[PDB]
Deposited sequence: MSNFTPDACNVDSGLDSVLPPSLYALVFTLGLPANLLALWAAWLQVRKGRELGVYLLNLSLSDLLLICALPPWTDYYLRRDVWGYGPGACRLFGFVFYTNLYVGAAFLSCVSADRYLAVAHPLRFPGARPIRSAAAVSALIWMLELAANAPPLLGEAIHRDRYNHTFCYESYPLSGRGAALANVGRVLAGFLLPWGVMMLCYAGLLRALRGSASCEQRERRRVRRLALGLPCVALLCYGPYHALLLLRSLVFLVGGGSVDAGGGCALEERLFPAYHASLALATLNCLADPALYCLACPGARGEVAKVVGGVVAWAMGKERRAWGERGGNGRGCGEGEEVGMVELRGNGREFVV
């Protein structure tokens, strides 16, 4: 260790300093357009709620990392903190994918979507996603999560190395079903959105290009945030499932910097889905 005394501390500090008011503003904007029959607003609201949950769970981890990886809050509390953090981290990606699929359906099939009480179906899908992610992260909750090591760290909810192929398969599945399934759906939906309006007589070149930047570049932001973490996770899980203590000692600060860069997608979501959107930043621009 050694870099977790400074870097993830400062990223978490920036997140708790800016994203929390930003996520509150995005939540208010999303709720404002839920009132107007919209069914993008429910996904945006749930995304902002998940981001707020992760942001408020961040600073126990801030202390954790800035005190040279030590846990003193209690064996019971790290279960809850890791559960909230690692569940919001995947729920965010799921709801980005849902927003992408919703936009693709609305644009490519305008005369057939959404139509029939759009708030109810979207709320049902949101609840189903929450249930599925909660079930996915329940097996980690069943845990001996607090770990004492010889080298004066005493982690919780993490282990170096992994344990007996089990957490390794769990991590491989977590990667391939909480990322690259939602990210893959999001990328395909945005590509289909940008290919569906190839033929529209009304959209000019100026307003085709901004849709192009959004469709190819919002998934890029999501990947650039959530990607290094899951790539490193899959790398460790595959190496343990093909290295000794040298490999993990080499990619350890990479792993705990990729986690911070992954939680950095709690500033981008409120920004890219409230301020970048002209509609939201007409209502959520100055609460006072």
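Peer 1: Counting from 1 along the deposited sequence, which stretches were left out of the model?
Peer 2: 1-12, 255-262, 309-353 are the stretches of the deposited chain that have no C-alpha coordinates in the structure.
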